[PDB]
Every structure is written in structure tokens, then in C-alpha cells.
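# fold the following for me, if possible:
(chains A, B, C and D, ligands or ions: 2)
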Amino acid sequence: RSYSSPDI
Amino acid sequence: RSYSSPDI
Amino acid sequence: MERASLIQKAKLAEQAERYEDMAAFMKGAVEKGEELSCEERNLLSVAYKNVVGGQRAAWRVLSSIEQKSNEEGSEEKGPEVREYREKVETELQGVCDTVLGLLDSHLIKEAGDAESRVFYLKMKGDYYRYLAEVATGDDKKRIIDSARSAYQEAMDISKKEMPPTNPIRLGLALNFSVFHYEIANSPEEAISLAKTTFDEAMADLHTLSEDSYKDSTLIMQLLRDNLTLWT
Amino acid sequence: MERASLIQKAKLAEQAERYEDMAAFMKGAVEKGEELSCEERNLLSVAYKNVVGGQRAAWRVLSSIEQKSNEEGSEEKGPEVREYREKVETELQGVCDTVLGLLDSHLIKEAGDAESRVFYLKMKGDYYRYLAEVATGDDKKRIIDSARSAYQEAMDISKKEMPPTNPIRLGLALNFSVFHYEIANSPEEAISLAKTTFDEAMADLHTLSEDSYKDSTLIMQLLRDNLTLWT
Ligand SMILES: *SCCNC(=O)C1CCN(C(=O)C(C)(C)Oc2ccc(Cl)cc2)CC1
Ligand SMILES: *SCCNC(=O)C1CCN(C(=O)C(C)(C)Oc2ccc(Cl)cc2)CC1
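Numbering: from 1, shown residues only, chains lettered A, B, ... in the order given. Ligands and ions are numbered 1, 2, ... in the order given. Please see the structure below:
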């Protein structure tokens, strides 16, 4: 589970 | 908004 | 489906945080007409409480916007907020009616023990209380009478069958006190019930194990927090 | 409904935390065939990311249980886990296909500016990536080729049109690096892209205002966190 772009 | 019984 | 498969899928839905699915699985399990274990009772409650809880939160947000726009928000308002609040409201009423149907068609009558009976009558009071939060007109009066009657029967049984620190008895009294304050507009009765419930349970806390104490005081703290808000 | 009403209801659904409704409202707004503002673009993305995010989380939980039960969990397993994982999977594929349909029927072609084009091509890569997470067989190969092609076109445009600290350019590169590592099994390419993206943006951070810096470093930190996991 890599980190992807957050959603705001 | 009073507190009611929690749900576990 | 077989009951055991429905329970298994309810537990999977719980782990997956799929609470609508979880509730539907438990509904099917209940409709088999056998009693629920304590575990299964809690699966049922967790599932529907999550579903209705999201609808309640949404309804409160929308209803508040609708009122602040009926407060001279003129020309900042077409029918959109009202229409969407009504939509969420109808959906919430449906879920509450579904739970109440399970309670009246199966769970209350079939319960073979007093603790289960109290648990389900408390649930009946709670889901009528949620209906009352959105109700108007004659519906509201009927609903409030039904909530009171379920809570009162649960209270009578719990005082007969459960010690005053029992977490189910405490949570019932807590929720009935919220009904008095927020729904019935009987804040005298609400504050009286919350304080008496706290006092009679306090009196027993010194006999409780570490684990019992944690369960009981979780609920007692909420009684205290409500008394703060209400006094 | 008129477009303005759909947008209003999307914003209400957002406040109400009703993300399925929010996505449906934005879908209807997109289907009017006019461009989205930056605000509206973000409404669309927030809505569908919340919906698919819950499905992804559920799928991962279920798939993990299914594998640990195909690991000699023998006699602790009927078909329930597989059936429920398949159900959630089909639902996830549907949502991803819906978003991709909006992107290919309207959003990418109609976008009048490069930043919007990059935003939508990144979204196209992302929703193909989510499909790839669950895909098998020939579907998986097609999907992976499509994700790469969308991400690459977005990358080309962003290098031409956006500064290296631009948060959209950074988030695109971050997500393309995740595609390399997790989907394409090209960890050399993933680590290379993440490090190069970080280095080329670092180089510019001293020119940035307080507010610009916060946006850019939010994404750069995730590049750093992935490099930790991947090295
Ligand atoms: S079948 C599982 C064990 N049985 C129980 O009754 C529960 C004991 C307490 N508990 C709770 O989550 C809290 C602390 C919230 O107490 C309750 C109060 C009121 C109700 Cl209706 C339910 C629980 C866990 C299991
Ligand atoms: S229309 C609102 C203003 N326009 C913007 O593009 C956004 C700037 C940054 N932002 C974000 O939430 C973060 C920090 C997450 O940056 C993004 C990175 C990648 C993408 Cl696709 C989107 C944002 C808020 C508004």
C-alpha cells in the first residue's frame, strides 16, 4: 500500500 | 445534540 | 441463503466497513426466525446504527441549511435544499421502519431471556426516537407515544432483572433521558432520570472489576456530560 | 435538471457526507457537456474518490481474507468470501467504468486549458489503475496499457506547461510512480520517477510563498514516504 495523491 | 448510548 | 452463510457475510461486511450490506445480511438472518446470540444482536445493532447514523447526520446538516435559508436567505434559495432534505428523510424513515419491522415481527416476541428483551425494546425506543426527530403532525404524536411505551417497558424489565451498573440498563436509561429532553420536551424528567441513574450506579462501582467498571463508567460519563449540557 | 441545480445538490451532498449522491449529481452536471471550473472539477474528484475508496478498502479486506483462507484454511471456508469479494469487485469496476466514461465522453476532449487536461488525464490513469488492482487475464493487460498511456500523456503536458512544484504535476508524478511500483512491477522506474520528481521540485522550494510551499511539500512528503517503503 503505497501513498498516492490526496483528494482535496 | 445530547449524547446517546454508543454502539459496540 | 442458509442462516450461517448470512451471519458469515455480515461479519465480512463488518470487517469491510460495508454497513448497508451488513444490515441486509443481518435482516435476512433475523427473518429465519431464530433468536440471535449476543454477538449476533450486536452485529444487527452495529449495522443499522451505522446506516441510520449517516442518514441522521446528513438530515441534520441539510435541515440546518434549510432553516438558515428560510431565515430571510431570500433569493439565495430555490427548492434544492428542501427537496434533498426530503429525499434523505424518506430514506431514513425507510431504514427505521425496516428495523422496527424486524423488532415487531421477530425479535421482541421470540426473545427467550430478559436481557435480550431489554436490548430489543431499547432498540425499538431508539428507532422510534430517530423517526420522531424528523416527524411532523399526527405521525410525530404516534411515534412519540410508541417510543415512550417501548422505553418504559424496557425500563421496568431492567430494574427487575439487571443490576444498576449493567451497561445495557445504563444505556437504556441514558437514551430514555435523551428522549425526554430532546423529543418529549420534558427536561425535568430528563434531568431527573439522568441524575438518578448516575447516582444509583455510582453507589455500586466499588464492587466492580476493572473490566466491569470500564463498561459501566463509559455510559455514566455520558449521563454526566448530558447533565452538563442540560443544566 | 438544470446544471446549476445539480451543482448545488452536489455541494449539499458534500456537506452531508453523501458521496454516492454527490457523484451522481456531478455525473449529471458533466453530462450537460460544458467545462467544469476548478471548484467543480474538485467536487467530481472528491465524490468518486470517496466512493471508489470505500470499495477499494473493502476489496482489499476481503481479498486478504480470501487468500489467507486459500492458504490451507481448509474446512474454514465455503464460497462466501469469494462470492462477496466478487460482488464488491463488480461494483468497483462499475464505478471506475462510469468515471472513465465521463472522462472519455466529455471531460478530456472538452477541456479548454492544459491544467484541466492534465487533471483529467491523471484521473484517467488513476481509475484505470484502480481497475488494474482487481483485474485478471487479458483485461489486466489492456487496462495497464491504458493507464500507462494516460499517465504518460499527462506527464508530457505537465512538463511543458506546469512548474516542477505545481501540486497537480507533483500528484500526477506520484501516482504514476505508484503505478510503476504496484501495477507494472517496474520498481526501478518507480523509484527513479519518485526521486527525480522530488529532486527537481526541491530545487524550487526557496522561491515559494508560505501557501505554495504547503501544497507542494504535502505531495513531496508522500514521494519521500514511498521511497522509504520502496528502498
Ligand atoms: S455478546 C457480546 C457481549 N455482550 C454485551 O452485552 C456487551 C457488553 C458491553 N459492550 C459495549 O459496547 C457498551 C460498553 C457500549 O455497553 C453497551 C451499552 C448498551 C448497549 Cl444496548 C450495548 C452495549 C460490549 C458487549
Ligand atoms: S479550484 C480550487 C483551486 N485549485 C487547485 O488546483 C487545488 C490546489 C491544491 N489543492 C490540494 O488539495 C492538493 C494539495 C492535494 O493538491 C493537489 C494535488 C493533485 C491534484 Cl489532482 C489536486 C490537488 C487544493 C485545490
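
# next to chain D, which bits of chain C? Give me the list.
Within chain C, the positions near chain D by Cβ under 8 Å from any Cβ of the partner chain are C:5, C:8-9, C:12-13, C:15-18, C:21, C:54, C:57-58, C:61-62, C:65, C:78, C:80-81, C:84, C:88. For every residue, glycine as well, the C-beta is placed using N, CA and C.

# what sits against residue 5?
Because you didn't say which chain, this covers chain A. With contact set as Cβ atoms under 8 Å, 6 or more residues apart in numbering or on different chains, residue A:5 has these partners: D:122, D:170, D:171, D:172, D:174, D:175, D:219, D:222.

# not quite, I wanted chain C
Per Cβ under 8 Å, 6+ apart, neighbours of residue C:5: D:78, D:80.

# show me the helices in chain C, by range?
Ranges of helices in chain C, per DSSP state H, are C:3-15, C:19-30, C:38-70, C:80-102, C:108-110, C:114-134, C:137-161, C:167-178, C:187-202, C:210-230.

# just those: most buried one?
Looking across the helices of chain C with neighbours counted as mean count of other Cβ atoms under 10 Å in any protein chain shown, the highest average goes to helix C:167-178: a mean of 25.

# gap between that helix and the chain center?
10 Å (Cα atoms, centre = their mean, to the nearest Å).

# which residues sit against that helix?
Contacts for helix C:167-178 (Cβ under 8 Å, 6+ apart): B:2-6, C:115, C:118-119, C:122, C:125-126, C:129, C:151-152, C:154-155, C:158-159, C:162-164, C:189-191, C:193-194, C:197, C:201, C:215-216, C:218-220, C:222-223, C:226.

# redo that, cut-off 6 Å
Helix C:167-178 has contacts (Cβ atoms under 6 Å, 6 or more residues apart in numbering or on different chains) with B:2, B:4-5, C:118-119, C:122, C:126, C:151, C:154, C:158, C:162, C:190, C:193-194, C:197, C:215-216, C:219, C:222-223.

# same question, stretch C:77-86
In contact with stretch C:77-86 (Cβ under 6 Å, 6+ apart) are residues C:62, C:63, C:65, C:66, C:69, D:5, D:8, D:9, D:12.

# repeat that for 7 Å
C:59, C:62, C:63, C:65, C:66, C:69, D:5, D:8, D:9, D:12 (Cβ atoms under 7 Å, 6 or more residues apart in numbering or on different chains).

# where's the nearest residue to residue C:105 once chain neighbours are set aside relative to ligand 1, distance?
Nearest non-adjacent residue to residue C:105, counting by Cβ to Cβ, 6 or more residues apart in numbering or on different chains: residue C:31, 8.0 Å away. Per Cβ to the nearest ligand atom, to the nearest Å, residue C:31 is found 21 Å from ligand 1.

# likewise residue C:59?
Distance from residue C:59 to ligand 1, by Cβ to the nearest ligand atom: 23 Å.

# do residue C:131 as well
Applying Cβ to the nearest ligand atom, the value for residue C:131 to ligand 1 is 18 Å.

# with residue C:183 instead?
18 Å.

# about what we covered before: just flag the most distant two among the contacts of stretch C:77-86.
Farthest apart among the contacts of stretch C:77-86 by Cβ to Cβ are C:59 and D:5. That separation is 20.0 Å.

# looking at the contacts of residue A:5, which is nearest ligand 1?
Of all the contacts of residue A:5, residue D:222 has the smallest distance to ligand 1: 36.2 Å, by Cβ to the nearest ligand atom.

# show me what contacts the closest one?
Contact analysis of residue D:222 by Cβ under 7 Å, 6+ apart lists A:3, D:174.

# you'd agree residue C:50 is up against residue C:19?
Yes - assessed by Cβ atoms under 7 Å, residue C:50 is found in contact with residue C:19 at 3.7 Å.

# and stretch C:108-120, end to end?
6 Å (Cα to Cα, to the nearest Å).

# ugh, typo on my part, it should be stretch C:95-114
End-to-end distance of stretch C:95-114 (Cα to Cα): 26 Å.

# go through the helices of chain C and name the closest to residue D:26.
Smallest distance to residue D:26 across the helices of chain C (Cβ to Cβ): 14.3 Å, for helix C:80-102.

# spatially central residue in chain C, please.
residue C:126 (3.2 Å; Cα atoms, centre = their mean).

# repeat for chain A
Mean-position check on chain A, Cα atoms, centre = their mean. Result residue A:4 at 2.7 Å.

# identify the residues contacting it.
Contacts of residue A:4 by Cβ under 7 Å, 6+ apart are D:174, D:175, D:178.

# okay, these in CSV with distance to residue C:206 next?
Shown next, in CSV, are the contacts of residue A:4 (distance: Cβ to Cβ, whole Å):
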residue, distance to residue C:206
D:174, 57
D:175, 58
D:178, 56
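
# tell me how far residue C:39 lies from residue D:121.
49 Å (Cβ to Cβ, to the nearest Å).

# and the strands in chain A?
Assigned by DSSP state E, the strands in chain A number zero.

# would you pull up the residue in chain A closest to chain C?
residue A:1 (15.8 Å; Cβ to the nearest Cβ).

# measure the spatially closest residue to that residue that is not a sequence neighbour to residue D:53 for me?
In space, and not counting its chain neighbours, residue A:1 is closest to residue D:60: 8.0 Å by Cβ to Cβ, 6+ apart. Residue D:60 is 11 Å from residue D:53, where distance means Cβ to Cβ.

# could you do residue C:62 as well?
Distance from residue C:62 to residue D:53, by Cβ to Cβ: 23 Å.

# tell me which residue of the chain is furthest from the middle?
Picked chain A for this. Farthest-from-centroid check, chain A (Cα atoms, centre = their mean): residue A:8, 10.5 Å.

# actually, chain C is the one I wanted.
Farthest-from-centroid check, chain C (Cα atoms, centre = their mean): residue C:75, 38.3 Å.

# ramachandran coordinates for that residue?
Dihedral pair for residue C:75: phi 70, psi 0, per degrees, to the nearest 10.

# for ligand 1, see how far away it is.
With Cβ to the nearest ligand atom as the criterion, residue C:75 and ligand 1 are 47 Å apart.

# quick one: that residue from residue C:69, how far?
According to Cβ to Cβ, residue C:75 stands 10 Å off from residue C:69.

# excluding its backbone neighbours, what's nearest residue C:191?
The shortest distance from residue C:191 to any residue other than its chain neighbours is 5.4 Å, reached at residue C:230 (Cβ to Cβ, 6+ apart).
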